[PDB]
Every structure is written in C-alpha cells, then in structure tokens.
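Listed next as structure tokens is one chain, alone, in the form deposited in one PDB entry.
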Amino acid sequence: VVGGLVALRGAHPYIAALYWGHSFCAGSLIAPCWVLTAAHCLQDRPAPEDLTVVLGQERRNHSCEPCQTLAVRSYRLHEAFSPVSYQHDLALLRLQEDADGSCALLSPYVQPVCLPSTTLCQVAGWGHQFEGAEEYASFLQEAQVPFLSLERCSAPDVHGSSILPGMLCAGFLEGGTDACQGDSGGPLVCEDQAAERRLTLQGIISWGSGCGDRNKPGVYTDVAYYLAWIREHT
C-alpha cells in the first residue's frame, strides 16, 4: 500500500495472509472456515498442502501470540477466470477444520468481515509501500481511497477497455494512494460516512498499472457483483 499509515491493532481482524513458495498474497475471512482472495494469486495452481494461511497478524510473516496458523484443505477459482483479461478475479479458500467443524478461533484479533447487502473506503495490505519497492511492509498499512465511477476509470488515458463487468476502481486520478504488489487478495472495506454503522467488504485487490501513479487508480474485484457466487460456493 502506497501513501498509507500503520493500521491500528484492532482495526483489521478480517485480513488473512497467504504464504507459499516464494509468493505472498492476502485475503479476507468471510466465515470461520472460508477466506476470499484473488484468483490470480493461485494462477499457477499450487497444491493446497503448500499453502499457509495466518489470521490475526499485525506484522508480516510474524508469529504473534494472538496469531493463528491454518492449513488450506481446498480452494476454488471462479470459472472462466482469465489470466489475460483478469475478469472474474476471485477465489475461495476452505480452511482446515477439526472434529467439531471449527477452523478459525474467533477473537478480538480474528473476526469475519460483513459482505454487501457518502461512502468511505479503506484499502489494507503488507505489499510494497512504493511502486517497484525492494521489500514488503512489515506493519500492515491502511489508506483511505474513494470510489471512482465506471466512465472515469474507463477513460482511454486511465484504464480504457480493460475495466470489465465485475471490476471496480478506487483511488485518486492525481495519484499518491493505492494498493501495490503484495497487496493482492486483500480487502477494500467501506462504511457509510453518514451513519458509520457497518464495515462491509466491497472489493478484492486485483491489479493496476504501477502503483499510486497519475491516471492509474487501483482496480478491484467487485464483491457485491459476485455475491451469489460467494454464497453458493460457501
């Protein structure tokens, strides 16, 4: 995340971290046994035994006392996900459960995020804090970004025809604030500024052109657009 601040310790109990091979992604706990991430994170189809999910983390790849490390028993990419257009860029991770059907231990640091049913949105992740950075963030970063309409993101000098149904754009056209490499799968959560009654997961960090650059806002998978697919496969 470019142009963000350190996330408060209790402000992100839904963020999941995904470690395997030499890759890194994030995700969102949407049920005790289910994490929602980007499909392109699993583009090379890694074996589920190779994946490690960690919940409750403030610092990247850190073994903290409230941290919980879980294995992944299976995952499902949205069908017709294209590794060219990146339409339908979302996947579901099914965590390992015990004999009593319990996966994550819900706690003040580990909580599912509400799904969709004057709006402020925040993006969070451990990725690069600058485009082309040499190193992931240690502390989780958070940054406020606004929604950007379809026609403004589809402008030719912005993202043009690359914005497809089921995608969503957020950030500032002038630049400075964005997700970046290593943030993929992470959440874009929003809350209504006129009442501030519920934090809801509205986007999944997906792709961009650079990070935080002019006329190149971040592109997200539109969670509300795939609500029925998420409900059916969980």
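We call the rigid core the largest set of C-alpha positions that still match within 1.5 Å between the two forms. One rule holds for the numbers: they count along the sequence shown, beginning at 1.
Keep in mind that the form deposited in another entry is not shown, yet the notes after this line are about it.
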{"property": "Is_shifted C64 between the shown form and the other one (CA, 2 Å cut-off, rigid core)", "result": "no"}
{"property": "Exceeds or equals 2 Å, Cα of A47 between the shown form and the other one, core fit", "result": "no"}
{"property": "Cα displacement of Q193 between the shown form and the other one reaching 2 Å, rigid core superposed", "result": "yes"}
{"property": "Distance direction in that other deposited form for the C-alpha atoms of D192 and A224, relative to the displayed form (3 angstroms or more)", "result": "closer"}
{"property": "Residue pair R197, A31 - Cα distance in that other deposited form, closer or farther (3 Å or more)", "result": "closer"}
